[PDB]
Amino acid sequence: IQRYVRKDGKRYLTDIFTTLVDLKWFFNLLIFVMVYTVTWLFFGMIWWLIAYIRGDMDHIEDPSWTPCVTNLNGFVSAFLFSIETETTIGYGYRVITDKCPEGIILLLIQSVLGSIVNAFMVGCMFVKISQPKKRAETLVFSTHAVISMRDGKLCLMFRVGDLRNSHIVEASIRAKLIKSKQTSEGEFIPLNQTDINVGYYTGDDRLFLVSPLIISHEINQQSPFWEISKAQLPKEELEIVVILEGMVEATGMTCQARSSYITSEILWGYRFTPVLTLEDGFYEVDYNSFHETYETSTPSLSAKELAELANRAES
Amino acid sequence: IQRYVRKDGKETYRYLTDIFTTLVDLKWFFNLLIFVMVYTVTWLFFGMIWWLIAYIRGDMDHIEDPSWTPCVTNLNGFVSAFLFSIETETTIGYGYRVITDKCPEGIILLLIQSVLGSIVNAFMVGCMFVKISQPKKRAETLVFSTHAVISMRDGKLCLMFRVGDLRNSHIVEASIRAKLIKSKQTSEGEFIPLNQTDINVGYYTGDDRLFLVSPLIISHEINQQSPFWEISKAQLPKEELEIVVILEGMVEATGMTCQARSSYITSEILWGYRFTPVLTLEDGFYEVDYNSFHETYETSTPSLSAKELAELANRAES
Amino acid sequence: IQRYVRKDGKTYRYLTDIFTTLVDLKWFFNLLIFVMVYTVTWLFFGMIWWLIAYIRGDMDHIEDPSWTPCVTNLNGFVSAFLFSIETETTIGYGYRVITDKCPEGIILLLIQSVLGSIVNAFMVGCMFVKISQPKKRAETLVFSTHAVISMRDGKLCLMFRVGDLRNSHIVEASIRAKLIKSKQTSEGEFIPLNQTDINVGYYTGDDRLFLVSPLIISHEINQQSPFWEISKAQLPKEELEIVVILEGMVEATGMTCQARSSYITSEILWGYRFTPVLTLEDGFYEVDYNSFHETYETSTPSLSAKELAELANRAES
Amino acid sequence: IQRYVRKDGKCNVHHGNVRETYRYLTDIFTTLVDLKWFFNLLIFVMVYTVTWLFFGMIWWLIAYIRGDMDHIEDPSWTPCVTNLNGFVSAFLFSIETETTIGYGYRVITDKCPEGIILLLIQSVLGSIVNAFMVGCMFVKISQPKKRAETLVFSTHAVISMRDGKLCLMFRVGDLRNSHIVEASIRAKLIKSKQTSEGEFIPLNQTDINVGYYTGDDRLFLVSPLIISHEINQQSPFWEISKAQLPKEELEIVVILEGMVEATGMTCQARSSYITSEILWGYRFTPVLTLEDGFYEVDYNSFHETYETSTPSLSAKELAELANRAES
């Protein structure tokens, strides 16, 4: 029972299909279709216009007259030439002769624009397939947080972990508290955010998801819950926000997950039942008991009152 | 109410419209023009060398006679050379102009031209990819209050400047840092015209990582470590200091990182002013009034510097 | 003697050839799929071109000179497929060309060009993904096969060597270390595995490394570290594990790589010292990776760090 | 004048400079000139020509067995690739078809299935090679932490007095103004030490505080800037005096990371200092001159030029003397 590998922890068709599952499903394809179609229609209209202004269509079959674009004698033919030239095909049944400098300029700008559009399309596809981040990945939190006693200290804790295979075991955890505060100076701030440190000072936040954990926040004189007590917590319109971000093992990706706890989901005097039980030579994880919580004796006084009582006893 | 009780965090047409208008700036047209020019110079150079090979082989008078194979058939030198260059380099080749097997120089020239055109196309693809794939997007939806204020708070004197997003659910995770830029002179005679300093908006406690569910006030406390420790009211207009604020966060829709920036000059920093609440609470739901986002209102605060305020507090204690 | 100079901290063909062989195996079985996709697209679209030619009845006229087929010189299935590969891949020789007298032909040509561009972009993306090989693990950055506890400047410290082998695969790295063991809280709240972070220098920034050569990273056993209470006698008793994670921001070229390893109660040696991998001589140094792991014994108190500190304080009194 | 940067870059004037610098930086970052330029250029030309030559050889052979030559001049014949003289025309057809040009003066006939399958494989292989090259370019341009060229550190590090404290300071800045901003700096020294227990470390690394605690190590770089480290109780230099500095043979490194504002990418730079380059009792000359409505930065004074008068006392003994005077 050792949680390590000297360089690790302790289907090609499916991967290709998943890669092809990139976010660019259907709407982006329609966007490409309309942009290409409007570009081609615009340039075909311009080709028809330049042929018309030249009087080329008036001569039409005249052999003594050299046309701008050979065999271009109609709007449909002009659009066909636009699609052929812009998309770099040029069948040759329609081809521009040297006797039209305006035609040369138009061909130059059309080719440059076509290259621009192709590069833009390639970049869009590249960005669509290259997603810089993901979401969730079943990093489920606890549906309840608890406040309990620990080695002579009162702390708040909420379980974290993954119910799937341990494909993500490195993460960082952040926790914010959102509350309304009335300053002594009379200013009222409806949404006052504070950070309920989960170990930022010590670097402990860089936790290791080997197994579901009980993240603990210590209620010290700095902690926002320093004044809360048993009877006060139901009344308080409190809230918590927990954010967890980590990276996956057998591939390069970063995942994020979040949640909140309001005040109904925060239980006082409750303790998490262990998910891990150890036996000689083996271990078992009772994942179905992940959320399950059981009650235990705890003081009803606030951490501030606990410190005051301890100081009075010491005196 | 119940923010983020949903584990999610609570239109496409608007996003599509914004993307369409995202390239409406003239700078995109300027970039198109400059690459039009680079393509034009490449094509013109290759066209002039095509005309050069045609002239060296001669074959201009022979064009009236089939008794010759003019390298690239049907070539009126000056203009047809450039036209063939555009047809060949860009992979069109209409076939009205085609190179013949009888002139190896033309074959090698076509090979080098194709290679160079592929290189240039690769360069364009890379440039466009870099343009679209900027790691740090300069998002336009992040706004800072045009004024920063100095106010009284819980027995402390603090500086505040409001930050938020306009789309109201677009970027919720962001980290903020602020740097002060000022001239400084030391007792040893050193004069450093641009002396930077960091104002602790929470870096120590990890509080600098914001959750922007709503437009928010960022508060910095003026203590011993704060640069403003000496600043008094009447002194603030004179001091001619400056601030710069940087905010970076990940976009909610996709995990790309976007960044915003702003600054404050001593004229923009007010004394004894408080931000009017953007967000007000109502039964069932809250109402956010962005029109009051920038607005500030005045209130009574001490005119002394934080240092003198602490000194008088200590004197009163004694 | 300096090899840390302004830019470089101090054969492309061979690396290109090795990458060429590795990428050779890949396509040896991959291209296969790419041909599959291209040929399926081309066969389908040649089939539909033949279908439109049939419905229009071009083949019925066939050699009739007065007729104007949708696609000139289409005579059968193979010719239609050939025109499909010509148009889709943007070659278009032109001996078989589309005329203007069939709007359905124009519509299908638009669909063909757009789908060809889309599939080409998807090709480029797939090729990029395959060449990327986003494997985070690093072959080098071997950790010492033992962690050690030793005495330094009146303080006990736990240490474990780390470094690269080529001195080029990594120059910068950040280190983290977590000790995970069961705990029996005084309030009866048993924890099967309780993690803790051992300070390798997060507070002061020392946790960032410059791996010019094999380093020994030392965690000081102060009054706020897990090993503060343990002693030589306890260490065999206290079953515990240590995990070390080292991430190199750049492999001297720009790509981030990550490593990991562990240590166990029997793999931690008390009162031992690391053999110096580097010895200095006039004008040049010598490095011997053969001694990387080698460890030798040294004198040290058997007291706990806590007991040692208490004894020192009592002596000061 | 102020660096308002209200929603964009600094208060400076440039229109075409932006495009020129963008193009130049992208070109150098894609090229990695010295080794990779010619290197990969040749790699490419060759990868192509070998594919073209090989396909040309196979085209010639497929024409040879029955396709042409024997019936080259026969009107009744239908060559696999019309107008194909073996060697030169085979190579020309290969270069035309693989490149997607296809002039059409020489084209593939339908009634020759071998030619059709050959064309299919050739076109797929050409697409594959083009995509592979594009992917290589994409990965080479995308990889972060690209070596910076405009970013430079002062060729000397200096030690001087400041507000009664003794500080080490070394100037940092970017030559191309307003190219890189929001950089982060960290500095390490690499000195051998012997512990009281007899253990000798051939190479012991210590990180010197340049503002990591306060977060001050993140700097804006509006202009050439002086970075300073304070020699306090924790600082490694706390012991050394003026005379000891040349003897100690200590060494320093400086590593800086920043973002290229023109593209949002990240670039890195580094440098070193040695006991011969760490001057004592000197101060950098100003690099920025303030004027009415404008400021001027004469970069020629950036690197060097110094003057100062500072005590020869060690930092620790200087602090002890200050305490004795205070007592």
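Residues numbered from 1 in each chain as written, not as in the entry; some residues may be left out. Chains lettered and ligands numbered in written order. Heavy atoms only, no water. Residues with missing side-chain atoms left out of burial classes, pairs and counts.

Caption draft 1: Region of interest: the overall build of chain B. Per the secondary structure count, chain B includes six helices and 15 strands. Here the C-alpha atoms of chain B give a radius of gyration of 33 Å, more than 25% beyond the 20 Å that 2.2 N^0.38 yields for 318 residues. C-alpha extents for chain B along the principal axes are approximately 115 × 60 × 30 Å. (Helix = DSSP H or I, 4+ residues; strand = E, 2+ residues; numbered from the N terminus. Rg over C-alpha atoms; globule rule 2.2 N^0.38 Å.)

Caption draft 2: The arrangement of the packing of aromatic side chains in detail. With a centroid separation of 4.1 Å and 45° between ring planes, the pair formed by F126 of chain A and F128 of chain C is classed as tilted. With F126 of chain A in helix α5 (residues 101-129) and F128 of chain C in helix α5 (residues 103-132), the pair connects residues from two separate chains. Taken together, a centroid distance of 5.9 Å and an interplanar angle of 25° make the contact between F35 of chain B and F123 of chain B stacked. Highlighted residues: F35 of chain B in helix α2 (residues 26-57) and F123 of chain B in helix α4 (residues 104-132), separated in sequence by 88 residues. These aromatic residues form a ring-pair network of at least three members: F126 of chain A, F129 of chain B, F128 of chain C together with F138 of chain D. Directly above the ring of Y202 of chain C sits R206 of chain A, whose terminal nitrogen or CZ lies 4.7 Å from the centroid. The side chain of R218 of chain D reaches across the aromatic face of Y203 of chain B, ending 4.7 Å from its centre. (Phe/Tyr/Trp six-rings, centres within 6.5 Å; stacked < 30°, edge-to-face > 60°. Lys NZ or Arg CZ within 6 Å of the ring centre and 35° of its normal.)

Caption draft 3: Region of interest: the UniProt feature "transmembrane region" (unreviewed entry) in chain A. Per the UniProt record, "transmembrane region" (unreviewed entry) is found at residues 29-53 and 103-127 of chain A. For residues 29-53 of chain A, the helix share is 100%, the strand share is 0%, and the end-to-end C-alpha distance is 36 Å. (UniProt positions renumbered as here; feature names shortened; annotations may be inferred.)

Caption draft 4: Seen up close, the sheet that holds strand β2 (residues 153-160) of chain A. Residues and elements named next belong to chain A. With mixed pairing, four strands are arranged side by side in an open sheet as β5-β2-β1-β8. Every other strand in the sheet has two partners, leaving β5 (213-218) and β8 (266-268) as the edge strands with one partner each. Across the sheet, the mean angle separating the axes of adjacent strands is 35° when strand polarity is ignored. One ladder, built from five bridges, connects strand β1 (residues 145-150) with β2; its direction is antiparallel. Considered in β2, the bridge of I147 is made with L156. (Pairing = 2+ DSSP bridges. Axes fitted to C-alpha atoms, helices over the stretch in contact; angles between N-to-C directions.)

Caption draft 5: Broad picture of the pairing of strand β4 (residues 188-195) of chain A. Examined bridge by bridge, strand β3 (residues 170-182) of chain A and β4 of chain A share six bridges and lie antiparallel to one another. Each bridged residue has a counterpart across the sheet, and for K179 of chain A the counterpart in β4 of chain A is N192 of chain A.

Caption draft 6: Inspection of the domain arrangement of chain B at higher detail. Parsing chain B into structural domains produces domain 1 (16-132) and domain 2 (142-317). Its C-alpha centre places domain 1 of chain B at a distance of 58 Å from the equivalent point of domain 2 of chain B. (Domains from an automatic or database assignment.)

Caption draft 7: Here's a closer look at the interface of chain B and chain D. With 55 residues of chain B in contact, the opposing surface of chain D contributes 63 residues. Taken together, the elements giving at least two residues each to the side of chain B that touches chain D come down to α3 (77-89), α4, β5 (173-185), β6 (191-199), β9 (242-250) and β10 (257-265) of chain B. Here the side of chain B that touches chain D gets 14 residues from one element, more than from any other, and that element is α4 of chain B. When the residues that make up the side of chain B that touches chain D are grouped by side-chain class, the tally is 26 nonpolar, 16 polar and 13 charged. (Contact = heavy atoms within 4.5 Å. Nonpolar A, V, L, I, M, F, W, Y, C, P; charged D, E, K, R; others polar.)

Caption draft 8: A look at the interface of chain C and chain D. Chain C puts 59 residues into the contact, and the matching count from chain D is 59 residues. Every element with two or more residues in the side of chain C that touches chain D is listed here: α1 (12-29), α2 (31-56), α4 (77-88), α5, β2 (147-152), β6 (208-210), β7 (215-220) and β12 (278-281) of chain C. Per-element accounting of the side of chain C that touches chain D gives the leading share, seven residues, to α5 of chain C. Of the residues in the side of chain C that touches chain D, the class split is 33 nonpolar, 16 polar and ten charged.

Caption draft 9: Spotlight on unusual backbone geometry. Residues and elements named next belong to chain D. For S178, which is not a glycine, the phi torsion comes out positive at approximately 60°. With a phi close to 70°, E182 is a non-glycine residue in the positive phi region. In this fold, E182 is placed in strand β5 (residues 180-194).

Caption draft 10: Quick peek at the environment of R260 of chain C. Inspection of the secondary structure puts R260 of chain C in strand β9 (residues 257-264). Engagement of the side chain of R260 of chain C in a polar contact is seen with the side chain of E170 of chain A, the distance being 3.0 Å. In terms of polar contacts, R260 of chain C uses its side chain to reach the side chain of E249 of chain A, at 2.9 Å. (Polar contact = N/O pair within 3.5 Å; in protein donor to acceptor, adjacent residues only side chain to side chain.)

Caption draft 11: Expanded view of the side chain of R3 of chain D. Position of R3 of chain D among the secondary structure elements: in the segment before α1 (16-31). Engagement of the side chain of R3 of chain D in a polar contact is seen with the side chain of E242 of chain B, the distance being 3.3 Å. Beyond its immediate chain neighbours, meaning those up to four positions away, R3 of chain D contacts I181, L194, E242 and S263 of chain B together with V222 of chain D.

Caption draft 12: Highlighting the side chain of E88 of chain C. All names here are of chain C. Within the secondary structure, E88 sits in helix α4. One polar contact links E88 to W42, side chain to side chain, over a distance of 2.8 Å. Residues in contact with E88, not counting those within four places in the same chain, are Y38, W42, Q112, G116 and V119.

Caption draft 13: Structural detail: the packing of α5 of chain C against helix α4 (residues 113-142) of chain D. Orientation of α5 of chain C relative to α4 of chain D, taken along the N-to-C sense of each, is 60°, at an axis distance of 8 Å. Taken as axis vectors, α5 of chain C and α4 of chain D run oblique relative to one another. Pair α5 of chain C / α4 of chain D crosses with right-handed handedness. Between α5 of chain C and α4 of chain D, the residues in contact are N120, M123, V124, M127, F128, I131 and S132 of chain C and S127, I128, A131, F132, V134, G135, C136, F138 and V139 of chain D, respectively. Across the contact of α5 of chain C with α4 of chain D, the residue classes tally to twelve nonpolar, four polar and no charged. (Parallel < 35°, antiparallel > 145°, perpendicular 65-115°, else oblique. Left-handed = near helix turned anticlockwise from the far one by under 90°.)

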